[PDB]
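Following: one structure in structure tokens, then a few remarks.
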Amino acid sequence: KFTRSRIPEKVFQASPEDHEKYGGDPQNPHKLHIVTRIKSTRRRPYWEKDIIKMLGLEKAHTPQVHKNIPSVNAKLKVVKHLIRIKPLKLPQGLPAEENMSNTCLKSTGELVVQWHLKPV
Amino acid sequence: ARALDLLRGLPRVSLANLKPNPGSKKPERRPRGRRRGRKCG
Amino acid sequence: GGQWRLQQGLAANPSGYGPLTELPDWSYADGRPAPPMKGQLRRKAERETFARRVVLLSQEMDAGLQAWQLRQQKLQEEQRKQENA
Amino acid sequence: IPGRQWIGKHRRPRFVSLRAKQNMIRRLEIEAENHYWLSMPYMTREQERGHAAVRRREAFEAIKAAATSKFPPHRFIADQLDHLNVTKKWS
Amino acid sequence: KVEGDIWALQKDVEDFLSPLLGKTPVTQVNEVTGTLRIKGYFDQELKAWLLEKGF
Amino acid sequence: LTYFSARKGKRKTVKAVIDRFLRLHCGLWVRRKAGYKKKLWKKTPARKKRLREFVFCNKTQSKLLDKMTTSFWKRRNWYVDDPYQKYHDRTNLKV
Amino acid sequence: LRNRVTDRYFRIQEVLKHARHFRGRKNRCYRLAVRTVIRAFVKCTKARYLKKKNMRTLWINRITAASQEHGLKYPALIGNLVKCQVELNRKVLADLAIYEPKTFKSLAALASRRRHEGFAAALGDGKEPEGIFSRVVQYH
RNA sequence: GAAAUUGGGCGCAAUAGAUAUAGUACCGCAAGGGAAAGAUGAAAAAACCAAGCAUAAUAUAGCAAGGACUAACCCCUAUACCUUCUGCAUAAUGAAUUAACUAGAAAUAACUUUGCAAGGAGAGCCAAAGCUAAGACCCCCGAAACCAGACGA
RNA sequence: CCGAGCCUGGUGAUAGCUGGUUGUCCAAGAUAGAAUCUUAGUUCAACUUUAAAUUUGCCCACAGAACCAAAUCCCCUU
RNA sequence: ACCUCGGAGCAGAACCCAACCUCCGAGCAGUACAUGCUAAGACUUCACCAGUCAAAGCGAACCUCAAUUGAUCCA
Ligand SMILES: [Mg+2]
Ligand SMILES: [Mg+2]
Ligand SMILES: [Mg+2]
Ligand SMILES: [Mg+2]
Ligand SMILES: [Mg+2]
Ligand SMILES: [Mg+2]
Ligand SMILES: [Mg+2]
Ligand SMILES: [Mg+2]
Ligand SMILES: [Mg+2]
Ligand SMILES: [Mg+2]
Ligand SMILES: [Mg+2]
Ligand SMILES: [Mg+2]
Ligand SMILES: [Mg+2]
Ligand SMILES: [Mg+2]
Ligand SMILES: [Mg+2]
Ligand SMILES: [Mg+2]
Ligand SMILES: [Mg+2]
Numbered sequence: 035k036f037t038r039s040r041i042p043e044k045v046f047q048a049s050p051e052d053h054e055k056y057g058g059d060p061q062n063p064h065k066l067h068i069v070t071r072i073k074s075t076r077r078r079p080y081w082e083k084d085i086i087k088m089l090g091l092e093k094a095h096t097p098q099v100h101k102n103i104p105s106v107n108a109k110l111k112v113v114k115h116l117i118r119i120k121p122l123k124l125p126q127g128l129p130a131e132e133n134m135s136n137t138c139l140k141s142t143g144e145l146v147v148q149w150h151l152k153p154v
Numbered sequence: 010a011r012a013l014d015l016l017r018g019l020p021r022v023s024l025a026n027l028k029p030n031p032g033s034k035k036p037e038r039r040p041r042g043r044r045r046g047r048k049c050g
Numbered sequence: 024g025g026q027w028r029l030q031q032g033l034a035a036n037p038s039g040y041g042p043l044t045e046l047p048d049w050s051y052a053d054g055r056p057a058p059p060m061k062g063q064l065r066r067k068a069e070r071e072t073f074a075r076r077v078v079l080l081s082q083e084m085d086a087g088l089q090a091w092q093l094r095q096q097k098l099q100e101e102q103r104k105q106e107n108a
Numbered sequence: 012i013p014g015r016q017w018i019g020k021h022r023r024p025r026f027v028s029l030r031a032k033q034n035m036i037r038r039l040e041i042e043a044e045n046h047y048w049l050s051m052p053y054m055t056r057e058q059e060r061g062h063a064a065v066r067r068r069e070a071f072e073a074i075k076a077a078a079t080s081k082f083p084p085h086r087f088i089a090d091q092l093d094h095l096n097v098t099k100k101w102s
Numbered sequence: 112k113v114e115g116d117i118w119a120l121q122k123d124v125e126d127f128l129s130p131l132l133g134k135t136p137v138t139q140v141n142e143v144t145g146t147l148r149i150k151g152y153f154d155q156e157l158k159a160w161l162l163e164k165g166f
Numbered sequence: 094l095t096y097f098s099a100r101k102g103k104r105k106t107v108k109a110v111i112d113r114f115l116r117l118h119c120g121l122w123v124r125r126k127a128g129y130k131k132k133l134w135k136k137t138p139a140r141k142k143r144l145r146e147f148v149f150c151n152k153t154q155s156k157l158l159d160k161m162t163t164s165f166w167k168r169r170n171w172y173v174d175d176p177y178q179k180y181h182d183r184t185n186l187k188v
Numbered sequence: 010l011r012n013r014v015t016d017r018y019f020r021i022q023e024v025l026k027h028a029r030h031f032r033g034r035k036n037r038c039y040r041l042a043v044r045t046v047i048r049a050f051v052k053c054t055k056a057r058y059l060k061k062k063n064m065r066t067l068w069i070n071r072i073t074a075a076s077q078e079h080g081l082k083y084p085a086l087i088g089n090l091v092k093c094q095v096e097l098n099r100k101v102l103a104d105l106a107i108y109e110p111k112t113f114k115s116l117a118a119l120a121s122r123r124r125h126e127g128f129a130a131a132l133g134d135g136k137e138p139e140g141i142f143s144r145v146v147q148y149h
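Residue numbers (full-length UniProt numbering), protein chains in the order written: chain X, 35 to 154; chain L, 10 to 50; chain B, 24 to 108; chain P, 12 to 102; chain G, 112 to 166; chain C, 94 to 188; chain H, 10 to 149.
Written out as structure tokens, the structure reads:
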């Protein structure tokens, strides 16, 4: 029959080759994902149509900050074929309440906290 | 009360001014149209 | 051509962020600025509740790490305050 | 093809172009990066316990307080007497 | 049978029953008819309070 | 049932409801269990004690028998020595 | 007949005023008109998706026609006007080619200079300084 | 399914309303069935709008249109509608078309809105917040038959 | 037009069967089953809809579910 | 040929799961005669009807078996 899929823990154990291809650190990892749905929930089972509603990814190509914790990551492991996961990197820090209204999330995955529309 | 003071500026209550309490009269559901009748319920 | 724009750090759509769709489309001829676009007020409000979510979710982790860093010390002096008498 | 080209015992064959091979490959590389970033969590499962229970419990209380505040609206004498204005004339 | 300012009564009941509930009770004045509809059973608790006011 | 009688113009009641069920004024219907006097020799004493019981009806069974009887059978009945007198009122519901 | 319809004439003319330019009896007989006036209105709203499709296909066929006059293909012009951050759309580029062919000759010169700067950067792999027209303008 | 007992029109106005101008014409041996329709004006001793055609036949190509367009067509897009169905462009059903006629009728219980309130109701009835009043839900055509009484060799 | 005339009446016979069921706009909305002279139907459940009251629902982690494969059940966190 | 009930396979591990699918059976027998009375909490053959289990208590003493069955009508 067609059931849900238990993906083994070996698949989510990154190799030291993988830390060189994608620019991640094993020690001190990132805190917040940027989840973006890139596939439809149609022609997918109902246990994936509801997980996508649980993460807020009902719209395609709309990013969403989620924590990098093993309970949010258990939901992202169900629908990893539907989404695209990238780390939210913060070149400057998290925005204060003065820099809250001048932020922008870039396509590199970084959240700049001062966003003028002037060239360098 | 004060509502009898509001009636002085308002025009006179006649038989062309009356209206039931909103909630009393429900609309009739008669089977004409696209929704309310094709096989009519 | 949007796989080149993703390498420069721009949005893959040119209608995303950037100077084309965030600057004001017009201004008064004397020089007074225009009232802001309804799509710019809606985008800046949607970018704020995203940045509020970065501030909220990051602090819930850091306060959640310190609580475990205290509960693993309160577990520890419970081990040493029974080793007497 | 005997009946209904895409169903049954004898179907018409469909073949895989360079489009369809490259479309699956660039979807397979988004997937391999997905397995990378899910392989390094910030907290273990014992650190994350109850770290947002005070916010999750207050979230439900504001849904629960919105659910148990369903009641009819106030009915004003200035809505009943404004229907007298339909016969407001000039003089 | 409320006659007068029903809105002043509705505030006084919101100040009377909210210690008895914890939350402020959700009411509905009917300024045309002159009633007040409080959610929940406070029949004996509002009869004893409207007697101390001398009504 | 007869929704409109031809002599008076009222509802009739199914009289097969009346000889079988008892309506309490709270809204519950009370019935005896089927087969409570049939073939008692081949039944265990636990099964025989289950049959000698007045049991309540379902929600939909109570709404079906409420339609089958008129409003005469839904009134307060202040009998002298009713054994089911204590069961008419409903105490202590939280719905 | 207590109240029968007195205004049925004007309900027929709500439909029959849209059918006046038809053929056959669809312009006269009401029973045949509503099955075409409805069908003339569904096609009127389903062709708001085909006007934007058939205009862009026309603009692509008028840019491809004019880029071939300078020896460019269509993907060699659009792909390298993006790389110079010249964000002109298909409507203006097909209306530059007709009405301003000197400016369109300058956009075909620019998209071919960037193309040659893309090849010369690609054959000379390793770190080489960038091309002159290949320098991006960053916004912060 | 009892009894004691109690005591002129918020109508139709010539396909409507009677079948009715008439039980006539017509039909049937008979019993019986049974129509249609008229519009001047004070005085006759005084236009404009259905279908259908004509004015005015037709030009490559295709659900009869739409996007359009300088331009009717040429170009591009588009497998009538209803019903029935797992599923109909379906070569499944129905329909020439116009005008007129032709199809959701109601109960206890609930709900909504008032009145009054441990009572409500203009006797009867209900009542452990109820009770009274209102509002709001229940179609059209069609058998072969069965029986009673006449009329027919 | 005779496997039982014809006409009127009961008669607006009955039909689980076919056909038909007429203004506008919006909203929610599809498939476990059981009984039945029943499988062309209906009643109950399930699903669906509305209104109301309340407090948990879904996703789930360790641990746990028997002897003669994919998974599920249960399940705090989130 | 079949129509009700039960055991096993399909249906491998909570439950469920069709078939004119594959295989076995049942319509009883035996032993007690407190196989007395009552009553919390539950199970449930996918509804209902029926079916199950049961602590405490009273009273005494010091059921086995998978199925082994049949509603209402008041006589
Ligand atoms: Mg229709
Ligand atoms: Mg074929
Ligand atoms: Mg009498
Ligand atoms: Mg007539
Ligand atoms: Mg004409
Ligand atoms: Mg064509
Ligand atoms: Mg088709
Ligand atoms: Mg046909
Ligand atoms: Mg048919
Ligand atoms: Mg035909
Ligand atoms: Mg003779
Ligand atoms: Mg009939
Ligand atoms: Mg919808
Ligand atoms: Mg049938
Ligand atoms: Mg749980
Ligand atoms: Mg059950
Ligand atoms: Mg015991």
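Backbone N, C-alpha and C define an ideal beta-carbon position, used for all residues, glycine too.
Take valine 110 of chain C, set aside five residues on each side of it, and the residues of its chain with a beta-carbon closer than 7 Å to its own are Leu158, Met161 and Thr162, in chain order. Between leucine 124 of chain X and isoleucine 86 of chain X, the gap from beta carbon to beta carbon reaches 8 Å or more.
Secondary structure note for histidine 100 of chain X: its beta strand (DSSP E) is the uninterrupted segment 98-101. Look at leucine 97 of chain H here: in three-state DSSP terms it is coil, with no helix or strand label. A check of alpha carbon separations from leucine 86 of chain H across H:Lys60, H:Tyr108, H:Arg65 and H:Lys114 identifies H:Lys114 as the nearest. At a C-beta separation below 9 Å, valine 137 of chain G has these neighbours in chain P: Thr79, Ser80, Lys81 and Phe82. For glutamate 144 of chain X, the secondary structure class from DSSP, reduced to helix, strand or coil, is strand.
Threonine 15 of chain H has its alpha-carbon roughly 24 Å from the corresponding atom of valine 46 of chain H. Near chain P, meaning a CB-to-CB distance below 8 Å, the residues of the stretch 148-159 of chain G are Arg148 and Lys150. In the DSSP secondary-structure assignment, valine 148 of chain C is bridged to C:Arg124. For the pair of segments examined, the stretch 18-38 of chain P was found not to touch the stretch 79-96 of chain X: the number of CB pairs separated by less than 8 Å stays below three. Residue state for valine 140 of chain G is assigned as strand, using DSSP reduced to three classes. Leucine 59 of chain H sits in coil when the DSSP states are folded into three classes, being neither helix nor strand. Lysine 61 of chain B does not reach chain X, its nearest Cβ partner there being about 17 Å away, counting only Cβ pairs nearer than 9 Å. Taken from the Cβ of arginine 47 of chain L, at least one heavy atom of ligand 1 lies inside 7 Å.
Assigned with DSSP and collapsed to three states, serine 164 of chain C falls in helix. Taking 8 Å as the threshold, the shortest C-beta distance from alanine 35 of chain B to chain X falls below it. Pairwise C-beta distances place the stretch 50-69 of chain X in contact with the stretch 41-53 of chain P, as three or more of them are shorter than 8 Å. For the pair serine 143 of chain H and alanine 130 of chain H, the CB atoms are nearer than the 8 Å cut-off. Among the residues facing chain B, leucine 122 of chain X is included, as its CB has a counterpart in that chain under 8 Å away. Bounds of the alpha helix (DSSP H) holding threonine 112 of chain H are 110-132.
In the assembly as shown, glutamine 121 of chain G is a buried residue. Its beta-carbon has 16 or more other beta-carbons within 10 Å. Excluding residues up to 5 positions away in sequence, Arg104 lie with their Cβ nearer than 8 Å to the Cβ of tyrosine 96 of chain C in the same chain. For the pair of segments examined, the stretch 22-38 of chain L was found not to touch the stretch 103-121 of chain X: the number of CB pairs separated by less than 8 Å stays below three. Counting along the chain, the unbroken beta strand (DSSP E) around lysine 120 of chain X starts and ends at 117-121.
Per the coordinates, the alpha-carbon of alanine 77 of chain P lies some 11 Å from the alpha-carbon of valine 137 of chain G.
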